[PDB]
Colleague: 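Sharing a structure here in structure tokens format.
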Amino acid sequence: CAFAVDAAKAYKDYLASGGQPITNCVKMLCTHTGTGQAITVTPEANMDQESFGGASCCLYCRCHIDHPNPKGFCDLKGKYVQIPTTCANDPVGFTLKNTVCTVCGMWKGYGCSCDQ
Amino acid sequence: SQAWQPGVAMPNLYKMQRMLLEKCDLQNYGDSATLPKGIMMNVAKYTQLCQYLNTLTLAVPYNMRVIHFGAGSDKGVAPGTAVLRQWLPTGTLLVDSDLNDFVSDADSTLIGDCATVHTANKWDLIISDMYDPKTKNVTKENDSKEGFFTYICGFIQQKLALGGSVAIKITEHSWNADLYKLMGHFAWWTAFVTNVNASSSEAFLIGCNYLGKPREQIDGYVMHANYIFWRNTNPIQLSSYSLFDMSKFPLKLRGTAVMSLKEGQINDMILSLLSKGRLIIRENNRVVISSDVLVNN
Ligand SMILES: CSC[C@H]1O[C@@H](n2cnc3c(N)ncnc32)[C@H](O)[C@@H]1O
Ligand SMILES: [Zn+2]
Ligand SMILES: [Zn+2]
């Protein structure tokens, strides 16, 4: 059957409905002089970012549900995700709604300057 | 000047005493350090533990193997594991474990009582934050505790590589005499108190460079009494200072040699290399782990 739980859409809708974001994302101590790239093997927050343990910011990890791809692989766990400080109240929502430029490794619209 | 360190290690002269066990009464009890905005106690604590481990002669081989017990929070995440993975060289194999389910950045996670955990390989570093809050009964005698401590002692003896190190969390009431005795099977040992959690009687018992034999005879009942005596008479000022300087945080990749040797070829020359953090003795095969599952109706 075509049935599949859509947790991404459910979380977005709960956010739009005014729901409190997922908490206890694991924020790291770091220099905040890093590359600012989005998903890295060690914390890379720049001055405008916070660095978090990847698994703790993944909706699928945190909700105990399957990752939406054939192989069920998670590209956050075991890595660190840089979140803009202005968005760090909701790291899970941020990683869910945003995309990584595949050339510069920065977030589209939050550090990627390739389209200039 | 201690406030700018990551924490305070038990001074050698306190290790040499013969104190009787007393109640732990910390002058700075109930004080708290001011953590950086949005930083969890458990991130700050493991950060300071790792900053202190940076000052010891840890063996750091290629393909380093680290296992972390007691890694789950009551929130279902693994803050300590995330700090260990930040700290350890990229590519280090990191396994963590806890009784309750949690999501983790470790390469592999085992859920269940640590007595169910078995590994084929030996390990270069063992970290434990296991703690049972039921031991905090101030109304009955403070005797050596077994449970997970019994497992940890055997796991060190059977699965820690010669040259490897451990950091095992203890408190006033959560401690084990044999674990202290095992500290005498390392080239050096201490009880380390993080500056962010110095209002607590917790410490990490650190064995540095495992030798597989008793280098010194330690009475664990006496040593824990010495540890409490030190804590009772040496207030540690709570401090977050070291958290604000992470420029030298990562563990140095030392390329430490790994060799397979059999008990008859560990001579004084090898023991001295082990003692200096220059040698790891174990096989270099695949890392294979498992959790025993009890099947019932
Ligand atoms: C990080 S706080 C202490 C942690 O130690 C864990 N712990 C305590 N006793 C055991 C045990 N016997 N086996 C595995 N984990 C334990 C607890 O589940 C808790 O998450
Ligand atoms: Zn995930
Ligand atoms: Zn780009």
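For ligands, and for the atoms within them, numbers begin at 1 and follow the listed sequence. Computed over heavy atoms, backbone and side chain alike; hydrogens, waters and symmetry mates excluded. So that the names make sense, note that chain A is the first sequence line, chain B the second, and so on, each numbered from 1.
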Colleague: Give every protein N, O or S atom lying under 2.8 Å from the Zn ion (ligand 2), naming each by residue and atom.
Modeller: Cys58(A) SG, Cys61(A) SG, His67(A) NE2, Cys74(A) SG
Colleague: Show all protein N/O/S atoms under 2.8 Å from the Zn ion (ligand 3), or state that there are none.
Modeller: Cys101(A) SG, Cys104(A) SG, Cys112(A) SG, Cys114(A) SG
Colleague: Could you tell me which non-hydrogen atom of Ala45(A) sits nearest to which non-hydrogen atom of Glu50(A), and how far apart they are?
Modeller: CB-C, 3.9 Å
Colleague: Is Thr40(A) close to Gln82(A) at the side-chain level, that is, under 4.5 Å between some pair of heavy atoms?
Modeller: yes
Colleague: I'd like the residue list for ligand 1, meaning every protein residue with a non-hydrogen atom under 4.0 Å from the ligand.
Modeller: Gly70(B), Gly72(B), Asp98(B), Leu99(B), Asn100(B), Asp113(B), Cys114(B), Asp129(B), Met130(B), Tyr131(B), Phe148(B)
Colleague: Does a salt bridge link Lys45(B) with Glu202(B), judged by any charged N lying under 4.0 Å from a carboxylate O?
Modeller: yes
Colleague: In chain order, what residues pass the side chain to side chain donor-acceptor pair (under 3.5 Å) check against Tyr60(A), with sequence neighbours excluded?
Modeller: none
Colleague: Do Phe94(A) and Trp107(A) have ring centroids that are under 6.0 Å from one another?
Modeller: yes
Colleague: For residues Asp245(B) and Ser247(B), is any side-chain donor paired with an opposing acceptor at under 3.5 Å?
Modeller: yes
Colleague: Could you tell me whether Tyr52(B) and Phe204(B) have their ring centroids closer than 6.0 angstrom?
Modeller: no
Colleague: Any side-chain donor paired with an acceptor under 3.5 Å for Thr85(A) and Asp48(A)?
Modeller: no
Colleague: Ignoring hydrogens and angles, state whether a donor on the side chain of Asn234(B) or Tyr14(B) is under 3.5 Å from an acceptor on the partner side chain.
Modeller: yes
Colleague: Using 4.0 Å as the upper bound for N to carboxylate O, is an ion pair formed by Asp13(A) and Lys9(A)?
Modeller: yes
Colleague: Does atom CD of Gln157(B) have more than 12 heavy-atom neighbours, drawn from other residues, nucleotides or ligands, at distances under 6.0 Å?
Modeller: yes
Colleague: Ring centroid separation for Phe69(B) and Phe155(B), is it under 6.0 angstrom?
Modeller: yes
Colleague: Do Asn121(B) and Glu283(B) touch side chain to side chain, with heavy atoms closer than 4.5 Å?
Modeller: no
